[PDB]
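Every residue, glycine among them, receives a Cβ derived from its backbone with ideal geometry; neighbour counts consider all protein chains shown. Every number in this text was worked out from the coordinates using simple rules, so none of it is lab data.
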Ligand SMILES: CCCCCCCCCCCCCCCCCC(=O)OC[C@H](COP(=O)(O)OCCN)OC(=O)CCCCCCCCCCCCCCCCC
């Protein structure tokens, strides 16, 4: 386990207060659209299993499927973006704190670099 | 795996019984209370790897 | 019978509107890769008097 | 056609592997469901894990 | 590439919402429109590819394959119309959905810009093909054919996934542009040998390679007409495209590891042509001819010279079109007499003149009659192989002779001679079948007129 | 045809430059992340891989029954 | 016998119920319009229009540009007495050999 | 069984698992395991018959032995450390005993026979609950004690589980035994990835639970317990057969379905740690699982087996009971591959 | 098992062929004993004598395979004077496979065992040379 045990981690918290400094996902996000598509597919499968007209029966429950999937997907995307931002922040902090472990290397141009040539014949 | 409901809600379900240097009835000390206290105070807050090392 | 024609031949617009939407999405994706617009060594150019972007 | 394609190319990769998998499946699933037998197997596994694992 | 991707995902709901008697018409019309739209990808540059976005890009190698797929879909729809008359509406819509999903996956596979997405889509193409074969095949052996196909492909491709994730961890990215610009030589060690083996063996099993090819006759013989058309024309070219893409990071080790595969491919050309000489089934003959042509493409890719990649691309396109046409002709003959035996029906030139003409043209294109793109690709590959070594000319010459032999043998057996007396259900050829053959054959001659569009990025 | 259906080479050129920049940055970040993860797991002096230890707040410092606790 | 199975039906001939059949559908009108749309779209639109589009595709491969540049370079080289083709692709002054 | 008693026992099983997952004390974790087993036995013995009684007896014997081994490991760890908190165990022998006890509870090889035995003995709902919950809990314990796990022993048990599951599924014909061997193989995958990334372990757990729920609920809907019984479903409700086919394809790891995501992530994580041979063998061995999945799919969806005459009365009548969250579990088990980066949320 | 593997690896490759064969025979005997114990536990013998016979057959087969592999590999390496070559291990593995086929009286089993055992022995030698690890320690 990598992230668990991080200092300042409040248990059983889906979104801490520091996650509110990040841009919230746009409502037109392709991931949100895919979540809504999954909800619509679940509604169609529900109609098919229960032996109802697939594309015309249960419009209210299909709408509820889509809405629930979009809601949960939005919150899941917020948490995912927060976790990735936290990972990048920790990585950059450690790189700053350990310059001898992450040193800069000399940049030699290809004119100076010697590389072997392997003919194709 | 480990949903820390005790830490989240401020409960003491088993943390009283976790160690033998905690609050004992009638203030009865453990056999190795001093050694355990020193080990805990050394290893607290530095992580498992650093605590072992 | 005009409603019946629509009720039966409304599926013939799906592919055209999908093509239009795909072109729109391609343009919208191209607008996100403008980091080096008018900045390449080969095509760096002074803008015309009535012009703001070299390409869209 | 017959010797290479229909016989030996079929024998090397797909037929030999299929035969091996079938034999292993029979060996694995041929158990009689006897608690005494597979608890003795549990004991042997326990002893092996305790001794030859360091 | 979204302007091509989205219309297929709109073909799906259109197919599922169209009327029961309009599904074929709508699917064919809109597939033709999508092919016309996809024709715009042929306007490739000369130095670098067309980078639409971070996910999709088009190259001079990807564009002809995309055009071929988008053109091949409506022909498969016509063949499905032919052989699925008595099916129910829902099952017909499911068949069309399988074809549409396969086309969409192929388009995304050809336009993918990263190796892992390429692998995901290239493995995603397995499901629709397996479903089509094992569900709408006509004979008992379709289940065995599906099992062989699926397990050959997966046993080939899983080490490719392991190698790809290892390469990403080692280098940083699997993006094709990055792995081309940041390419470094591969040392001659056991680990590099096994990574080379993983990638190459995956694509060779997909290709297929001689000795790893039994799944091809098994699946092509037992598949329905649309499945055979897509298996031979496009799905066989995934291995060639992958090899032409994956060999960027395998040099110079490819100069040392290519010998076993080159010998296998050349002797496989010879052996499969000889097998074609003595086949009692027409579909098996066509399948083994496909194997021989793909072995020639393997030789070109392995020798890996600028004159060999152009020949490889041209031969891939030409073989796809020719094999699709041959399978369509064989399917028409089968649907007339309900048997795949070649010597069962004869005198078909006396009974059906126009089909005899189509057979003649298809067999002439199969044996690489100049100036067809089949011959263009074969001649480029032969010249590159001659530059590589001077006995490959002997092997190519004998392969070409046997190819002409079996092509004209099947032509003479099916079309010429005395008609079978007791076969009295040979109805005149349908306008649908004639149009299918014409739409197969005319693009070949047009590409002969303009050959620079299918010679790859090294032109 | 060029005016209607296509664009100039500058658009594709600079889009390719931007894509290359993004992909190179991502590859560098992936390598750096792998190095950071390896070092953190090896040492334990970073925010990651902080396995739990016994809390010191549980210790009772009140006088006991015997002076030698 | 082992099953209550239907006998294998005889294959239907489209020409029996419709001598003018194009082979697309058993419905005459649907068959006729399927043939018409296939022929029109495929042959006319795809073949003719795509063929002329590909024929008149702009020269983005820069073949003519390369020819003109080669002519210009050849003229400049042979006018000044310089070799037509240089010995090296890059500059040995900029290249630093290891020593 | 009274409905109130049944729901009380189900809630007791869930409360025991929750106590195991929230307790920081080894005694409390052992108490949770004991409560879980005690409340689980009647659930197995709900439908009373000699086979169910035998399955419950075997399950009780196995779980009691595992609990005794786990308590012995706890006591041994207490002897050398004097600590009750569940952390990295301070004694290798105690760690080995704990690992063996948890493997026995999970069903990892060579402790696997009771899994198909009990699964065949008990009904479909009992098997579903057994697999899901009784694998949910010990995996939580293992994830908590991951940093002290012996990689050699853990990976040996995982590979043995994968191989045994593949071969058993190849040879079996009963649907419940096929599901049991599938569970064994997936547990092998999870425990193979366990010593490197508990996040990947949890992701595999979630995907496996979703797919198993979908498959078991489809089997309950079709009321089929054998291959031939399932072979008649196409003549009554062909939609269920197609959904079962796509679920079987997903469980085999075929892209672009949801089942490929756990295998893909596990392969990536293991190859990050310079491990190639184990991921290669694990990937190649799943072909046996896919083979028996495909063989099961041939008999139900891709072909039409002969039917009977009373199936006409079956057509005349209609299914009454409605499964809960069946469409959601079907969708989540086949169409969540483009949502893979949510494993960061799972982290 | 670790001690036996350490002894086998500590014995030099191209030298001390008798000791290398002894180490391989010990490893094979241990494997055969474990297999015999599992076989008796899972499939009970009819009688004690039959169980002893089965254990002896399995142990002798495994020990013969190990001894043949060790002897063949060490002798090949010594005569070719080319250590660190997977071909020696391949020859030893095929020899062990042929020994198994002779013990089971089956030409097809012998051929398949030769092929598979030679391949896996070559893989083991390549892993020893290149530093491949089967059970990798958690690193990242
Ligand atoms: C890609 C193109 C295709 C490339 C690959 C083409 C195929 C190549 C391989 C062809 C097959 C070779 C033989 C493989 C199996 C050998 C074992 C075998 O066949 O066993 C079965 C049989 C059992 O016999 P049994 O039942 O006891 O009694 C009947 C008669 N006595 O056993 C017997 O009857 C035993 C008969 C043995 C006869 C001699 C066999 C010699 C050939 C095999 C060894 C070849 C070694 C090559 C080494 C090359 C090194 C570079």
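Annotations for the structure displayed:
For every residue, the table says whether it meets (1) surrounded by 10 or more Cβ atoms within 10 Å (Cβ to Cβ); (2) more than 30 Å from residue E:435 (Cβ to Cβ); (3) within 14 Å of chain E (Cβ to nearest Cβ).
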site: G:5; (1), (2), (3): no, yes, no
site: G:13; (1), (2), (3): yes, no, yes
site: G:28; (1), (2), (3): yes, no, yes
site: G:87; (1), (2), (3): no, yes, no
site: G:95; (1), (2), (3): yes, yes, no
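- The residues listed here are H:102, H:70, H:79; of these, the one that is more than 12 Å from chain D (Cβ to nearest Cβ) and under 21 Å from residue H:208 (Cβ atoms) is H:102.
- Selection from region B:12-44 of residues that are within 10 Å of chain H (Cβ to nearest Cβ) and farther than 15 Å from residue H:85 by Cβ: B:30, B:31, B:32, B:35
- Scan of region E:354-380 for residues that are under 18 Å from the mean Cα position of the chain (by Cα), farther than 12 Å from residue E:325 by Cβ and touching a residue at least 24 places away in the same chain (Cβ under 8 Å), ordered by number: E:367, E:368, E:372, E:373, E:376, E:377, E:378
- Among all positions in region I:74-90, there is no residue which is more than 14 Å from every other protein chain (Cβ to nearest Cβ), within 13 Å of the ligand (Cβ to nearest atom) and part of a helix (DSSP H, G or I).
- Residue match in region H:138-153 (condition: at the interface with chain D (Cβ under 8 Å from one of its Cβ atoms), outside any helix (DSSP H, G or I) and buried (at least 24 other Cβ atoms within 10 Å of the Cβ)): no
- Counted residues, region G:45-99 - those being assigned to a helix (DSSP H, G or I) and within 33 Å of the chain's Cα centre (by Cα): 20
- Here residue E:200 clears all of (1) closer than 30 Å to residue E:436 by Cα; (2) over 16 Å from the mean Cα position of the chain (by Cα); (3) within 16 Å of the ligand (Cβ to nearest atom) except the condition numbered (1).
- Exclusive hit being buried (at least 24 other Cβ atoms within 10 Å of the Cβ), in a helix (DSSP H, G or I) and more than 17 Å from the chain's Cα centre (by Cα), set E:120, E:131: E:131
- Qualifying residues in region I:100-119 (those that are more than 14 Å from chain E (Cβ to nearest Cβ) and closer than 25 Å to residue I:6 by Cα) - the one farthest from the ligand (Cβ to nearest atom): I:117
- Residue in region E:272-279 that is within 14 Å of the ligand (Cβ to nearest atom), away from chain A (no Cβ under 14 Å), surrounded by 22 or more Cβ atoms within 10 Å (Cβ to Cβ) and in contact (Cβ under 8 Å) with a residue 12 or more places away in the chain present: yes
- Cβ-Cβ distances below 7 Å connect the following pairs, each with a first residue in region D:3-16 that is more than 10 Å from the ligand (Cβ to nearest atom), a second residue that is in a helix (DSSP H, G or I), and a separation of six or more residues or different chains: D:14/E:148.
- Once region H:316-328 is narrowed to residues that are surrounded by 10 or more Cβ atoms within 10 Å (Cβ to Cβ) and within 9 Å of another protein chain (Cβ to nearest Cβ), the residue that is farthest from residue A:43 (Cα to Cα) is H:319.
- Among the residues of this structure, residue F:42 does not count as one that is under 24 Å from residue B:38 (Cβ atoms), more than 7 Å from every other protein chain (Cβ to nearest Cβ) and assigned to a helix (DSSP H, G or I).
- For region C:27-56, a residue qualifies if it is outside any loop (DSSP other than H, G, I, E, B) and more than 7 Å from every other protein chain (Cβ to nearest Cβ), and the qualifying residues are C:27, C:28.
- Selected residue (only one of H:87, H:99, H:119 is free of Cβ contacts under 8 Å to residues at least 60 places away in the same chain and crowded, with 24+ Cβ neighbours inside 10 Å): H:99
- Boolean, residue H:343 is in contact (Cβ under 8 Å) with a residue 24 or more places away in the chain, more than 14 Å from chain A (Cβ to nearest Cβ) and assigned to a helix (DSSP H, G or I): no
Table: residues versus (1) surrounded by fewer than 17 Cβ atoms within 10 Å (Cβ to Cβ); (2) part of a loop (DSSP other than H, G, I, E, B).
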site	(1), (2)
I:3	yes, no
I:7	yes, no
I:12	yes, yes
I:15	yes, yes
I:21	no, no
I:31	no, no
I:36	no, no
I:41	no, no
I:44	yes, yes
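- Identity of the residue in region C:5-56, in contact (Cβ under 8 Å) with a residue 24 or more places away in the chain and in contact with a helix residue (DSSP H, G or I) (Cβ under 9 Å, 6 or more places away or on another chain), that ends up nearest to residue E:11 (Cα to Cα): C:30
- Highlighted here are the helices (runs of 4 or more DSSP H) found entirely within region H:160-252 that include at least 3 residues which are surrounded by 22 or more Cβ atoms within 10 Å (Cβ to Cβ): H:175-193, H:198-222, H:238-251.
- When region E:1-33 is filtered for residues that are under 18 Å from residue G:29 (Cα atoms), at the interface with another protein chain (Cβ under 7 Å from one of its Cβ atoms) and either in a helix (DSSP H, G or I) or touching a residue at least 40 places away in the same chain (Cβ under 8 Å) (or both), the ones remaining, listed by number, are E:24, E:25, E:26, E:28, E:29.
- The listed residues are E:241, E:256, and the only one of them that is within 14 Å of chain A (Cβ to nearest Cβ) and away from the ligand (no atom under 16 Å from the Cβ) turns out to be E:256.
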